[PDB]
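Chains as they are written, first to last, in UniProt numbering: chain A, 52 to 88; chain B, 56 to 110; chain C, 2 to 71, 91 to 203; chain D, 202 to 251; chain E, 463 to 509, 525 to 531, 546 to 553, 563 to 581, 638 to 640, 649 to 752, 788 to 834; chain F, 198 to 332, 359 to 455, 477 to 532, 555 to 590.
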Amino acid sequence: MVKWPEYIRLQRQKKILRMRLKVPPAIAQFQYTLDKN
Amino acid sequence: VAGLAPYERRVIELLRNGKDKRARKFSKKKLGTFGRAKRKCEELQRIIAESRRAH
Amino acid sequence: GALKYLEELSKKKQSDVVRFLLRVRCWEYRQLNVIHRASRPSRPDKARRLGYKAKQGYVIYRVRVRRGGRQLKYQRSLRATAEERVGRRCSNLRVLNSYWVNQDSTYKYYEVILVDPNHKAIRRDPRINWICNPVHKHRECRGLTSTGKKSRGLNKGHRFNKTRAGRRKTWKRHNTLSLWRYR
Amino acid sequence: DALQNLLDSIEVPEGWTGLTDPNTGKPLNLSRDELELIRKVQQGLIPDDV
Amino acid sequence: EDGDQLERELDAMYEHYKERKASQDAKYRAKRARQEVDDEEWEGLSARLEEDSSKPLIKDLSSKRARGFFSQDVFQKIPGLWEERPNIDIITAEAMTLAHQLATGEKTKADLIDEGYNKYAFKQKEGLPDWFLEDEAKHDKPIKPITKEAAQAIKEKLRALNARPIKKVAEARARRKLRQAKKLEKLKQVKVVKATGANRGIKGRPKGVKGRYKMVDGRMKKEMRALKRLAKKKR
Amino acid sequence: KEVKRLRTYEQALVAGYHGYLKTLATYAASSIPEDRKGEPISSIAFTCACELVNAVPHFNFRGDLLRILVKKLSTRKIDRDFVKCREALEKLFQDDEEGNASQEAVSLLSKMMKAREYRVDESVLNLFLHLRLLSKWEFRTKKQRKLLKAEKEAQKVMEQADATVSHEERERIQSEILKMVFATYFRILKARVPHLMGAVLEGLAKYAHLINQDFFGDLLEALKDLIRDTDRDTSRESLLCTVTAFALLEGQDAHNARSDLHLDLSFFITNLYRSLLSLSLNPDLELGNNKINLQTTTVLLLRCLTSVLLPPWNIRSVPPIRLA
RNA sequence: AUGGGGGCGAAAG
RNA sequence: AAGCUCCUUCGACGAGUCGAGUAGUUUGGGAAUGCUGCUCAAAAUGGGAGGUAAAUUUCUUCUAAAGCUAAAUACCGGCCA
RNA sequence: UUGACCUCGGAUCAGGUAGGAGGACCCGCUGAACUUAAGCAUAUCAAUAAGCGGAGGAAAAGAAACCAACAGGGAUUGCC
Numbered sequence: 052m053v054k055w056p057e058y059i060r061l062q063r064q065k066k067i068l069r070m071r072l073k074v075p076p077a078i079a080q081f082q083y084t085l086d087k088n
Numbered sequence: 056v057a058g059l060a061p062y063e064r065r066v067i068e069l070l071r072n073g074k075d076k077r078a079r080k081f082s083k084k085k086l087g088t089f090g091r092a093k094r095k096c097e098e099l100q101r102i103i104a105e106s107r108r109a110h
Numbered sequence: 002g003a004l005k006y007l008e009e010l011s012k013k014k015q016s017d018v019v020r021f022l023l024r025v026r027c028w029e030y031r032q033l034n035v036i037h038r039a040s041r042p043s044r045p046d047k048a049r050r051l052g053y054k055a056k057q058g059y060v061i062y063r064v065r066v067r068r069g070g071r091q092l093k094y095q096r097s098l099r100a101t102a103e104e105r106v107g108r109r110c111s112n113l114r115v116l117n118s119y120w121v122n123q124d125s126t127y128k129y130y131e132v133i134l135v136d137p138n139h140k141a142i143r144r145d146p147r148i149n150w151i152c153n154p155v156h157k158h159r160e161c162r163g164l165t166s167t168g169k170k171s172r173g174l175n176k177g178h179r180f181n182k183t184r185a186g187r188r189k190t191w192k193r194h195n196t197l198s199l200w201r202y203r
Numbered sequence: 202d203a204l205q206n207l208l209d210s211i212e213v214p215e216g217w218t219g220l221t222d223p224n225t226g227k228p229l230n231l232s233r234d235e236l237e238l239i240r241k242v243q244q245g246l247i248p249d250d251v
Numbered sequence: 463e464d465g466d467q468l469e470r471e472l473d474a475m476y477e478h479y480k481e482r483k484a485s486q487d488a489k490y491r492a493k494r495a496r497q498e499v500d501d502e503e504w505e506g507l508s509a525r526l527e528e529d530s531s546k547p548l549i550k551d552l553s563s564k565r566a567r568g569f570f571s572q573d574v575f576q577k578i579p580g581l638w639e640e649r650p651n652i653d654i655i656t657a658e659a660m661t662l663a664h665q666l667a668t669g670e671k672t673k674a675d676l677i678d679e680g681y682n683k684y685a686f687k688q689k690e691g692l693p694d695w696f697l698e699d700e701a702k703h704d705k706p707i708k709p710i711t712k713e714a715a716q717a718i719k720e721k722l723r724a725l726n727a728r729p730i731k732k733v734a735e736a737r738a739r740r741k742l743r744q745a746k747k748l749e750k751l752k788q789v790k791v792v793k794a795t796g797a798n799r800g801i802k803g804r805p806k807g808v809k810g811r812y813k814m815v816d817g818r819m820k821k822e823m824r825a826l827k828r829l830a831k832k833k834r
Numbered sequence: 198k199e200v201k202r203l204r205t206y207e208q209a210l211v212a213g214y215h216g217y218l219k220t221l222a223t224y225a226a227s228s229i230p231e232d233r234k235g236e237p238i239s240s241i242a243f244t245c246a247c248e249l250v251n252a253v254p255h256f257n258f259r260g261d262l263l264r265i266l267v268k269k270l271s272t273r274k275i276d277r278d279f280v281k282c283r284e285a286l287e288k289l290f291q292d293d294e295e296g297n298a299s300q301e302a303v304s305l306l307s308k309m310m311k312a313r314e315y316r317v318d319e320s321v322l323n324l325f326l327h328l329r330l331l332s359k360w361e362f363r364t365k366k367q368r369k370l371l372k373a374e375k376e377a378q379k380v381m382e383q384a385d386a387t388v389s390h391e392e393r394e395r396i397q398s399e400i401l402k403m404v405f406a407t408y409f410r411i412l413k414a415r416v417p418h419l420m421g422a423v424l425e426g427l428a429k430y431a432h433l434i435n436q437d438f439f440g441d442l443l444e445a446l447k448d449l450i451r452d453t454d455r477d478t479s480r481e482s483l484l485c486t487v488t489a490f491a492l493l494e495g496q497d498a499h500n501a502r503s504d505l506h507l508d509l510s511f512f513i514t515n516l517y518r519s520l521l522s523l524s525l526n527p528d529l530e531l532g555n556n557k558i559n560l561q562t563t564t565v566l567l568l569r570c571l572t573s574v575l576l577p578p579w580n581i582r583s584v585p586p587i588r589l590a
């Protein structure tokens, strides 16, 4: 099908990796953030 | 913050289970010197003690 | 204090956090080119202690180098080869110094700090005008970086008799027959 | 037996290594637990149980 | 929210990359064309006409459809219309090497575990995409020494049953004998020139057409007499 | 739209075939006996299965169809459905040109006998013998011609690659089928099933020329120690192994292999010479295109003596002392 | 535009 | 802006780097002489190198893995003499 | 809807810079053989010649993880 540019593909693959990999606590607590109010 | 290397995790498991002479031998095999193995074992034993008193 | 915190965190490499970060980056650098530019040092504390500043004139390049040997062993390291390749790419910059970043199992990775000698800020600032001087062209090619000194054995002591002050120069000095006027 | 030797030649046993046991003249074959360790070390997922 | 559509798109793109990079050889294309698909992939089933606002023609000389279908050959021929832990196989040179190391009293189970607590351990593999896992597997293969015994063992392990037949061995010896015969068929004296007249003081080969020539002179005569005298003294 | 129509047609076809084969299997497992009003539905399902094997093997669920044929060829009571399924599988093994059908069938029937503890009617073994893999100016536009030429080069390179892959795959499938067949042969031999000896020895004799040389010598010494075990019915087994040994060494390839492979018949010759007397004084001599599986010890001994006294090769080289 | 020696091996090498 | 002095106050120093195993190469130099590759992989009254039979491994001397720097030294080529 | 940040690009955009020559001496990579001797082999030639990369008027080295065992010396370099 269509072909994505290399940097766009790389950053979306980085998204997938960040959501898929099991993250150590020191970075999981960074994944947890605060709210709007 | 960082945690432990896999070999340090093995040494921690051995020290908790009581295989302290085995731990020391594996520490030698992984580091290369009696003194370094002794210091690594002392550091990990202190970590175990601190974790016990923290829990 | 962040610099010592990073120094200790880099000392503990097989720790879980550093191992995870090194794995993801090793993947990212394999997806990236063999030699490419960096933006910001992935090891800011190492770059700073090696002499990197956040000035207009300092740049980073990450280079991938294939690991192994030629049973013959190459006398220059993989670190020196990376520096030489980065210099040949950026022929207009002076290679200040390189540092390790990732290793995987097929390639080692190195970030090389380079300085532009023609930049006005670099030229006006001392502590780097020496690298603006013309005697420092291609230090990585002449072996004048830290890896070059280590490979040349430029240390003082009885263990470095044959290599300090230049190995070939020492051999020539020992193999010249000196004849005076009154013998 | 020659028939068993030919059967092994067609379908080698699970623990076949091709070595000769110094203890007894019979071929030295791996055990089920030894093959468990083989896979564990070759894959790296479980260096030790529990 | 879980990046499911993005994951499917990336997986499809990586698969397409794989198929084109494999099909740019045409031997992979031949193997794909010939190889048959399995059944564990089919498992799951049970196991406008806008119009206006205002005697048969095909008379085939002789229901007929029923009497032409059910009067077929098979319908006329038909009268009166034992099955009830996965195995571990070593196929890799490194695995066979370490199997030899276990069989011989070189390292024990304790050593196996201690060496298994290495830097490659505790690496996640379950939920990771195919492209990431294949890149990691390709570029993170640890290198270990391999022994000739393990390599040979893999050779007899993977040797086919009909790989070494008496025929093909005999005619292989036949090609080798023919090759030596052809080499022999393809493979299928020294004159003396006195350096006088037209041959005196010449840089290279004279006009004498021969495979090997040797120029002679009186100086060589005296040298040869001296050499013969030395040989005679030695004997 | 045509691609979607094709997809729907193909999926409906495969679903229908799956249903048809499941219904055929159920009618197959259904009880044969009925009121005498024509062929039973079980027999007709068997005919349907046989016709499907003989017509469309290459299609899907060939494993299911062959498995049904195996549940029929696993009950041992000679019937018309048996002769039909024997004929169907024989036709399969003698018409298969590619090999996957034969491979699936041989694997299935091999596991069948392994589960049945080798209580078969020798017909499943003769299927191994029935394997053969183990043996006008049409006007053209300017654009049309160039595409056809390109297709010509493409089909040339494709034919070359196809020939190479075809040879490799045929060799691989042959190797695997020999593996299964000879595994069955030797495990039947070690089981020493008295009613399988003739067929299994026939197969050994007729495929050892494709089996490797070292395994061929292993076969000779396996024949040797089977003869020894019989030494320690018995005459039938001894003569059967003897005739197999002579047939194996009278094969042309093994004939040329002889000295280089160190194949000697002296033990078998001595065994025959020392057993002629018991063969003379035993009673069961005459209580009975094949070359080995012969039911009469008289004809077995006849083949033995023809092989020894008049071997098909070097007839004027036979030792006179042995002759006399 | 291309192929180049030898032995081992069924070729793949 | 700078130097000294004093002190009931502090005093931060370079990591896939040392080091262990190993293969090659190199040196007068297996306390591996240095270097490179490869597997493992550090410490904080720390580490490196020496001294010593003196009775325990005491004593002596320096801070590696960051960097710059004229002179005395070489010169069959460049401008000359 | 809008606007930042990060990353990656384009321009005959503004300003610069690298190539090549030379190579006597200098800094690195790579690297022989002839010869000598020895039952043989390591060795020697030589960490040389050839090949490759990089500077200057000098280059390199250089301010001890040094030397030492002294009653101590005290960056580097060169001569005896």
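We put the CB at the ideal spot given by N, CA and C, even for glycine.
query	result
Taking the CB atoms as reference points, tell me whether E/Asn726 and F/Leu433 lie closer together than 8 Å.	yes
What does E/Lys705 reach in chain C if we use C-beta pairs closer than 9 Å?	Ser125, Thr126
Does the beta-carbon of C/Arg114 have 16 or more other beta-carbons within 10 angstroms, so that it is buried, or is it exposed?	buried
For residue 84 of chain C, list the residues DSSP reports as bridge partners.	This structure gives no coordinates for residue 84 of chain C. The numbering of chain C moves from 71 immediately to 91.
Please tell me whether F/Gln397 and F/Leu331 are closer than 8 Å, where the distance is taken between their beta carbons.	yes
Roughly how many angstroms separate the alpha carbons of B/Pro61 and C/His178, rounded to a whole number?	40 Å
Determine whether the Cβ of E/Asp473 lies closer than 8 Å to any Cβ atom of chain C.	no
Spatial neighbours of F/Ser320 within its chain, please: CB distance less than 8 Å, with the 5 preceding and 5 following residues excluded, ordered by chain position.	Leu270, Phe279, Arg283
Compare the C-beta of F/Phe511 against all C-beta atoms of chain D and say whether one is closer than 8 Å.	no
Give the straight-line distance between the Cα atoms of C/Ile142 and E/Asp473, rounded to the nearest whole angstrom.	48 Å
Shorter than 8 Å from the beta carbon of E/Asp466 to some beta carbon of chain B?	no
Measuring only the C-alpha atoms, how far is C/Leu98 from C/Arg68?	7 Å
With respect to the alpha helix (DSSP H) encompassing C/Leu116, which residues constitute its N-terminal and C-terminal limits?	Careful: C/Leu116 lies outside any alpha helix (DSSP H), inside the beta strand (DSSP E) at 114 to 122.
Which residues of chain E have a Cβ atom closer than 9 Å to the Cβ of F/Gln208, listed in chain order?	By Cβ distance, chain E contributes nothing, its closest Cβ being about 10 Å from F/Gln208, past 9 Å.
Among the candidates E/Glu749, E/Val808, E/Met814, whose CA atom is the shortest distance from the CA of E/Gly796?	E/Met814
Interface residues of chain B around C/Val19 at Cβ under 7 Å?	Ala57
State yes or no: is the beta carbon of E/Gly680 nearer than 8 Å to at least one beta carbon in chain D?	yes
Check each candidate in C/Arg71, C/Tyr127, C/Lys5, C/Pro137 and name the one with the smallest Cα separation from C/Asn112.	C/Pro137
Does C/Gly107 pass the burial test, meaning 16 or more other C-beta atoms within 10 Å, or should it be called exposed?	buried
Got a sec? Which residues, its chain only, sit under 6 Å from E/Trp695 by beta carbon, not counting five neighbours each side?	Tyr476
Does the Cβ-Cβ distance between D/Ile211 and F/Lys402 come in under 8 Å?	yes
State the start and end residues of the unbroken beta strand (DSSP E) segment that holds C/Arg38.	36 to 39
Suppose the cutoff is 7 Å on Cβ atoms and the five residues either side in sequence are ignored; what does the same chain contact list for B/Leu86 look like?	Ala92, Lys95
For E/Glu505 and C/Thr101, what's the separation of their Cα atoms in angstroms?	55 Å
On the DSSP bridge list, what partners appear for C/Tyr59?	C/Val135
Are the CB atoms of F/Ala302 and F/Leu326 within a distance shorter than 8 Å?	no
Note down the Cα distance separating E/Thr711 from E/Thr661, rounded to an integer number of angstroms.	6 Å
Give me whichever residues DSSP pairs with E/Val815 in a beta bridge.	E/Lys793
Checking 8 Å against the spacing of the C-beta atoms, do C/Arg49 and C/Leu10 come in under that value?	no
What are the start and end residues of each continuous alpha helix (DSSP H) run of 4 or more residues lying completely inside the UniProt region "Disordered" (165 to 186) of chain C, in chain order?	166 to 172
Based on Cα-Cα distance, which residue from C/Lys170, C/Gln57, C/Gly70 lies nearest to C/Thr126?	C/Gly70
So if I threshold CB-CB distances at 8 Å, which residues from the segment 719 to 738 of chain E count as touching chain F?	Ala724, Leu725, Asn726, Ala727, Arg728, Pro729, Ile730, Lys731, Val733, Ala734
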